[PDB]
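Each of the two blocks below gives one form of the same protein chain as structure tokens; they are labelled structure 1 and structure 2.
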Structure 1
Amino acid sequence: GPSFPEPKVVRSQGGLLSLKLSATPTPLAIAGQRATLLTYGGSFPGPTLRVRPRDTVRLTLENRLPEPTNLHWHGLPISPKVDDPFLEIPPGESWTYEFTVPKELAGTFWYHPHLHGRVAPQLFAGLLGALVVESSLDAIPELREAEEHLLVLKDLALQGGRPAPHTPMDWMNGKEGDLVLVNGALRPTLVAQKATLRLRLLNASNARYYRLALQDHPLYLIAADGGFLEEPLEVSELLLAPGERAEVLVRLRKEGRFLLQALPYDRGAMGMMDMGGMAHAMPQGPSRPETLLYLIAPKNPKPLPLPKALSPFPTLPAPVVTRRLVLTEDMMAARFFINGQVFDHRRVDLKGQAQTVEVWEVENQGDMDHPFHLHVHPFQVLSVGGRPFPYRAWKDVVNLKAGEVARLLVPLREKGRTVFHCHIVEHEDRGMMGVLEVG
């Protein structure tokens, strides 16, 4: 096979992507071992769905798990009557998701379960896949001539040939695994054939963060979670929190082997210690550095010039309301709150008007990083921690370190009831989620 493993791609045909996917326990070879994972389409990751704006997607999910499940079309600005976070597909039953891809949309999105209280074990076990929305911008020479790859960043831990069970501490921190994988492979080698790479990045992990750095190279950010930037932005490193996506250009500078690493990062996970009276919580501190993949540059690399522009960001109407959403923790109880409450599917927390813009101030009063996600309505991050964001682009997850406030500009799109929640999915399952109704 190709030196670099990537999920199989399913493309729309004549403007229609019609596909039946089963969610099923699947024996497979993983990182050199045999294991049974929970998969979509018999693979880990699940297949990459590749579509264009205005395509129709018709996805019939068959549930062959011993528990109920459903799908969240993460990042897609479609109707919550389709992307329905309250729907339950019982074991043995099927459901068809049908929607049209929005006209003004591009980038890397993904699908995974969202059945409250069951998300963390289902996602950890292997249920996720990517969805790419191809754009006319992809035809510009500086992108067309680049070598494109998808990198699905997901870790895993195995026990007795199955995903390791969640411990109480896992419910508190979010579960991370020792197998730090790219596209389900352990430290694959990417032998580049072109001097410019276009990499679509997805953090599909439950809780692990990826502080991305390529040895000896900067990255050029060209897209965030939900669309292009207005122009490329040079960065020395790039933090991807759970649920986030990015697209970067890599401009290979000379021949050789360069490691793509997840550098040490302290997200505030906790351990427990007993030192003589003690028996209390202690910081785990920064993650150990991980090598994600080996990048081999071609001979005499001569990278393309960067595109001068990408996509102009929409001029939004003035906002008509400001919201404040405060995140707090009860670590020893593994309970997590928004404005002092846990999720209740029957309770509407915010009520907004479609086609107006809101300002959401999300404040992390906990000690852990929390990556805040809103369904259905992509947002523009204005600032985090009082620092203005250095680009304009659509996002749907925003990471908050301890104490930080994120200010978001949130245009409300499709009508209906939807949710916002922490994308450390253990925290969502344990209560850190609320209901937004748009009318």
Structure 2
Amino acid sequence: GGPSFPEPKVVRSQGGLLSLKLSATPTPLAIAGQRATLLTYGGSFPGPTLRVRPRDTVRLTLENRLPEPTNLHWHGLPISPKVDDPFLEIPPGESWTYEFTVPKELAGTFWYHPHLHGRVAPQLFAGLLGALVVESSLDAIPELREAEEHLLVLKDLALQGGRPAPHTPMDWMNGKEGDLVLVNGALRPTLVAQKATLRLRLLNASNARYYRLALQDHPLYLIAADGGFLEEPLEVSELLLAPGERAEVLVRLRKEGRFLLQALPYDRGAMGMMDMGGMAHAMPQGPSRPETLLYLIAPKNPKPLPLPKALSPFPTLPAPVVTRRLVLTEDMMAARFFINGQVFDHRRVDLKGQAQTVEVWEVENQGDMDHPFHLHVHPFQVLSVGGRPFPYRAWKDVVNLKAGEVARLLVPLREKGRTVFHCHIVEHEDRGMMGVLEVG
């Protein structure tokens, strides 16, 4: 009812259980005024949103109907790596049931996508992604209960011959960006707000595109990062979301009107093909062209809600027991990507840590591109980048590093088992930039 807005179908837990059979299948669909066959979960692009509460049981059977093997990564979920198994392979025509319990303190926006090494980037680019939302008791406070809530899945695409465009040699180096810059699988949808306060859950599920988000005439009020709430709302004029990151923001519409949500120009250090003359400068690709993501129409006579004064206190973490250094490097022309000078080997354990301890990880980008570093299974707290303090306290699982930046991360080691860390420009992961962590 009311005005329509494209948004994935939601599947909710019931009586403490979300049991769902999800097929990964090629699917002809309508897209930006044409028809294309994508790879999809549940026949939709994006895939369906799974919405759960803490302590729920999730029983997701993944039915592989693809021509190639696949698996799922439960991105951001602090569960067992024996469930969130980055080494599992589900052959074509086979199924696998993922069963886990949602942790008691968890809240926010998470997502699921393929993690079969070597094939992540084509599979994710072809459409295999969906969101997972964990509801919180905090969502009941009046300042959030009465906000108009929406999920915005930021994911671009390019098509050739009615199918996802093939990966080029340049895509393996830079990561693939598409010419169709979509929101919830739609080209520049219009959202006609019925409330003056919106709560937008934001997911960057793109292979490589960055989104320097800005809303015309409006600040954003950040209330959640990748893996949970901030301690209190943080007003920002704009918000950069790297591949794999999520955020939740409140928007306070003060005036009537139509306002563009844009992805402003951002230069992530992608490299262009080489050229003659024009002098001026060199041959980086330079900043992205600005893109309109959606149109937001304010309701009549808008009166926004007050902001909540407080959200969730961040747990104090114990003193760390060990410091690690992880150096990211690249060989751009070979399109190979390294951590501490090595490419991923699934039979090599790179770091051995202890369950129930906290470590400090120093992640150093010695490349020229932005690399967004992701660690499975163990959410972390970012302390500093470039020697300066991170602007808020919240659980993160992806941290963006620009050329030369060093992040210092507090990593509490939770579940035992073997898991991975990798750049979330997924082409770089496929081309080497991944290593193996074992917790005992």
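Only residues modelled in both forms are compared. The first residue in the sequence of structure 1 is number 1, and each one after it adds one. Under this definition, the rigid core comprises the largest set of C-alpha atoms superposing within 1.5 Å between the forms.
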If you fit the rigid core and then compare C-alpha positions between the two structures, only one of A281, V342, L186, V320 moves by 2 Å or more. Name it.
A281
Please report, in Å, how much the Cα atom of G386 moves between the two structures when the rigid core is superposed.
1.8
Which consecutive stretches of at least 3 residues differ between the two structures by 2 Å or more at every CA, rigid core held fixed, listed in sequence order?
1-3, 274-282
